[PDB]
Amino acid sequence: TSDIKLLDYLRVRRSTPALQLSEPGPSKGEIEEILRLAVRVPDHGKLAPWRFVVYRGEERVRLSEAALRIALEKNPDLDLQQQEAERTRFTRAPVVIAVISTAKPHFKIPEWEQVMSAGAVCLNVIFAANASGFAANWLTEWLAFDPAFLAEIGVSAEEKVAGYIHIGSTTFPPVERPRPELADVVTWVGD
């Protein structure tokens, strides 16, 4: 329902860190609305080289344990503190949408362009989440690459996870981080 001009939004959009991410999450219906909106990205060849996996409820707690398991079998036993990170890897926010790339050899489309799309679809999710009243963090901790975890959540060898998008509410004021300067990144030609 809530309104924000597009221009004011681009000037102010700021991610919220997963810890700062409180409850409530969104209803399955709100969430369907967010994705129905995110899958409206540029996609050369009209291929939809991505897929989403929505994690919410108790199953987050169960995954974070699969992640705690793998993590220790990885490193016998170090800091108990770090072990909490793994217990709450997926429970810091109410919902976590995993954005999987499913890019592969195509007869006309380069996996590069199919990858640029998943790049863009990840921002379109953050865009739909903020526009829908929620705050978002786009992570990919080791869980994105560690093959013992990737198997436990169903992303194959032929796929790469693009990001885990934690969605929630928050009571925390956005603070700005340093941005790139245009003398440093943009370059002009012709007038």
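A residue's number is simply how far along the shown sequence it sits, counting from 1.
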property	result
Of 180-188 and 1-9, the one with larger mean CA B-factor	1-9
Per the entry, higher mean C-alpha B factor between 150-158 and 47-55	150-158
Residue selected from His166, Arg36, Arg62, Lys28 by maximal Cα B factor	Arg62
Which of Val95, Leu72, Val99, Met116 ranks first by CA B-factor in the deposited coordinates	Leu72
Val41, C-alpha B-factor rank within chain (lowest, middle or highest third)	lowest
Lowest, middle or highest third - CA B-factor, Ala66	highest
Ranked C-alpha temperature factor of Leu143 among modelled chain residues, by third	highest
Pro110 - Cα temperature factor, lowest/middle/highest third of chain	lowest
Entry-reported Cα temperature factor of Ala103, expressed as the chain third it lands in	middle
